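The structure under discussion appears below in the form of structure tokens.
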RNA sequence: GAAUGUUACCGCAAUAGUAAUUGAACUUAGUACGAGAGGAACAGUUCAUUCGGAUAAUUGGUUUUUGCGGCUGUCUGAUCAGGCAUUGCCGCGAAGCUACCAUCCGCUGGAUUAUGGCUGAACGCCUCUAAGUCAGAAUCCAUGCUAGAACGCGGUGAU
RNA sequence: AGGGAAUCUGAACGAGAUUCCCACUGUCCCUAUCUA
């Protein structure tokens, strides 16, 4: 049972398989930037917590999201 | 004060009972001799509670507690929680704890001042043991044995660890607890020393297969007579 | 109790006639053995 | 298979008759020995278990129970049997002078075509100071070692579309044959309730014709089902009442509800009268007439002596899946709907 | 031997020839069942274990120290829908079992994941080496 | 194997042994064949019987051979102890006769089966089978003496004591009927007769006791004046890692001169020279100092009538054998008395409650009446726990009336506003 | 006795209905019917499927934040049973149910405005 | 195992049946016959409803 | 299934079959017994194994309710409806049927066998047997459990 | 714009054969239901 931050996931398909919990932490200024998006709303918050309940369509909701976060970097 | 008894012909006392300074918790077995074993030695002074957790006899290795408080896991029903509150005096608090882990007797090894915990426990309970029990909390390992409760007997007077504990680990760990520690056994060389005996500041109850050379060590380190 | 199987007293014709042949055989032996 | 349950053939009728009766003590008060109803229903109960010595002492157990519908049985006669070297022999039966439409229906296979002229001359035979009826009742009291009660069911108070009630014979285990025949005299045209035969924590043996499966293929081919089976030692969990609302209420649940599920039982109606909630599963299907006898003998173990403390009655939808106990809890959880507002 | 009190019927999910995971920190990762101790006997029926039943099982993927010897194994995770007396039917994620001596004493020092309620009740020393129950 | 041997399958007296093995081959094998069958089934019939009786005798013989302890392979004390109690040569002669007889029976069975596959009639085949089992019977009839010996040795070795040559031992010696029987009588729980004659005791009686948290065993002995009973004592002194407690009677009792005890002590001196001797007294006084001339001896004066000095002898023996922040305690516990089991006046436990209420598994413990409440009229708790789809315990708090009235204020703040039209 | 919530629906799970599922992580997934259980097995988003309550909360077809809904808390610190403190709850629960029903009805009116 | 018709178990169960085991059934029977006697009076009141 | 007036209801039971099985768990116990190592049994209660009789409250399974929905193709000139696909394919799924893959239930009195006995002859002792006599196996026969003789019978309703 | 690895046979082979490793399945444990 593994736990990492979302920011650790961004900087790296291969990540999501071994993982169970990505964590939301508001104290980082980086997450405050990621909060102010058209993403990170509408179903995305619960999708973070339960990674093995998802399926293919909700994996692509994150794999599209990572590239949005990489372009901000 | 070292009493030697059994529950339904079982030497593992700590599995089927939790005994502290202010209360004693017993399982409802068919044989009442285990309840009468404590009622002989403790009388009507400290309350002996006929109790279950989640409909399990295995109470002592499922619960945590000292003179100030009592912790039960998630699986405790509201009827059992009602029953424990009714039976107990108002000096002792009761709180149900929601966790990854449910065997609290294996996770919270404590006395009235100190506490040892599992290294992988959540932060919420770490700040709840500090409040309800009012004791110092340490994520400490006993010689690579990750479960602190079953492999460490503990009191305000002294403690007892399993014989595989290193000398370096004895000195380091007794520095944390501030009590003298001796590596010993129970029930003729059983390594499970936490569930092999229940203890407080004035009584030590072992199983009927604990030999006298071991029993003298128990009496010595807990400083009864 | 479980009452076990009873032996018959019906002597079959093969038994009865074979009894006669065995009897007459015992005669022919006894007449020879009388001479020695 | 089991060589005792042979010949494995179709029964004589749906109403299987009770083969043996509980003994007799000639000092006990007069009381019925067997009762009948209509089995239709099955449901889940939880209870805390006060069965000492068990792994579940002071714990809670979920278990399956069956609901037989039992309208108040009505007495319409009495039979007296003499003890012979040939068995028993009925010498005299006596009836109730004025019987229901249901039983005069039982006497015909085609009800509508008949002039309904059943007990006309028998009721006219009564029509005086008695004289012949009291003569036949003297005939029963003088002889007749055992006395059995003719009863019938209240079929109309049951949701069944049958209209035709079942006659039965129920012996009496109350001593002094005089008190047997005179209990009967006090009970012509009258009805007998369920809880005047049974109560809670009582073992019974429910007898039923076992759910017909038709033709089937030494392990031999032929008939499967529709056999008259006696199953013994089913504990009565609850005796109920029709007029009394909150039958589904326990000591714990205490919500005003009937044990009847939402939209009733499957293939059978609600409950509008007295019932027996018996533990386990009684033979036969729903809509099936069962005859409940009582134990034959003193059958006391701790499975017969213990008191049942019923905690909750499942009244969720058996037709479909179960999510709500009351209709009130469906539209409380749901919110308000389209056709509501 | 070892089992405390009576033992009641729960559904059978692990027959002979089933590979379950190993849960203690002894060294083994998986376990292959070969025989079930205290089972019924039909014609043609395989011996089927359940949660909290001592089976004779061999290590297939683990340390060579734990191999070379067929040893007792108590099943702690079932993953087949058994029934509790408190209403619910439940099942786990995977089949798992822990290795012990014939007396019922554990070789490992801690058991990973959830341990079944019935298994922890019957076997005391499994509940001694338990992190999670239920 | 180890210390003792009670677990031996019994030894039949060679006549009954025949009546066991031969009757079993009559009961367990098929017994009825016609002469009119095929020759192959006649052959296979009698072959099956010769072989089955073969396995029969061999099974019984193997039980004897594996059962009895391999005398010269066990332990030097036991090798010699059995040699004293039984004629060791004859003990090996007897077991050699069984090992011989088993190989004989094996040879007979293997012979007559091989001879049996050539039988031409049922008569010839019958004569060969009768020949086989009769020959086996003759072999077992030649064993009437060694098996009669083996039953007696089985019975008497089955009752022999278990001494451990690796635990801390202490031999108890002296002249026969000095008073050493009273010593072991008053040190432990072992019934040894103090009958007023010479050889009362006939073997090595053992007594266990515990001192300084350790297992001790004191071995009583018959005594030394040579006999099988007498040599048993001497070899117990010789082969056991022990200390010897030679006892002396400085009195008119025993019926032997103290000078003869001096002569015997200095004569048996060589074999207990390595064992660190203790001597206990239960011109004239000078000849006790003649006993003191031995390198390793100590002298003590004691009386068996008093129970202190008998214990002190033990203390010195065991001592020779070893060298060879504040806790929380409630005052309700401190003020509480101890539980005396034979007291007419004490509190009744739940154990006595269930007996008075009748039975162990029939009494249901009331969980109620044992818990603390404000009013004991509501002790018999019902507690609903569920009301209409939602469980009570989730809704259950203190100050729910004030919290409800807060929601009642939140009613009237939405009542006049006009949300319900 | 406990009346639970379905992990998919958030519908009332009565004792002796549906299936509890336990992970290797060991948390409880109680279900009310095999409709919800197979919906979970298929690894679906509940909040996407319309017939669940998880959808109706986030989409706001029903109410989420309310003072009546804050009293259905998973409560932990236990009470010593007062006859009065239970008699008050029996009428409190029947009261809060009435108010919650009237508030939800008002929420449905405030949502269904602008259709007439 | 002892059979269903094992003589000693039948005698041990007869030791039971002369104690508590019958007495509870002989109290239950009295409560059943009581309510049966109560069932006459109700019907007699409904006789007097029409007789009124 | 004709027949024994017809016809209907309630019955009786000759006869024939028959069924339960084994394991251990808690007290009784760490007592009897034991140098120690160890270590019982009856009475009380609790489960399970095999076998049988059932039953579908729930779980799982199952679907020409082809119930609803989705996909692929194909026709009405396009939407919607579907025509259609050797049941085109996919998801869920009621009712029904169903699984130690589910759940429930499965007995108590006499007569005996081996054996242990009582009184007691034969035989001026004795002797369990000869005349008598008590106990005593999972045995037998009953109770219970299944069919009802269609040429066994009975009682009762209807002119 | 079904695998993979060896070996026996005439380095890949050839629907050659055998053995093992991995995956799969009502062949079975243990059958259950539906359609023609």
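Following Swiss-Prot, chain D residues are numbered 12-228, 264-387, in order.
The way this entry was determined, per its header, is electron microscopy, 4.3 Å.
Each residue, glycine too, has its Cβ placed from N, Cα and C.
Residues annotated as ubiquitin cross-link in Swiss-Prot: D:39, D:136. Annotated phosphoserine per Swiss-Prot: D:24, D:156, D:297, in sequence order, evidence recorded as a large-scale study or a structure entry. The annotation phosphothreonine is assigned in Swiss-Prot to D:103 on the grounds of a large-scale study or a structure entry.
Shown here: features listed in Swiss-Prot, placed on the structure.
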residue	record	Cβ contacts under 8 Å, 6 or more apart
D:24	phosphoserine	D:220
D:39	ubiquitin cross-link	D:184, D:185, D:186
D:103	phosphothreonine	D:90, D:91, D:147, D:150, D:151, D:155
D:136	ubiquitin cross-link	D:143, D:144
D:156	phosphoserine	D:92, D:93, D:94, D:99, D:188
D:297	phosphoserine	D:355, D:356, D:357
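DSSP assigns residue D:39 (ubiquitin cross-link) to coil in the three-state reduction, outside any helix or strand. Among the recorded positions D:24, D:39, D:136, D:156, D:297, the ones whose Cβ sits under 8 Å from a Cβ of chain H are, in sequence order, D:39. Those recorded positions from the list D:24, D:39, D:103, D:136, D:156, D:297 that have a Cβ under 8 Å from chain F Cβ atoms: D:297.
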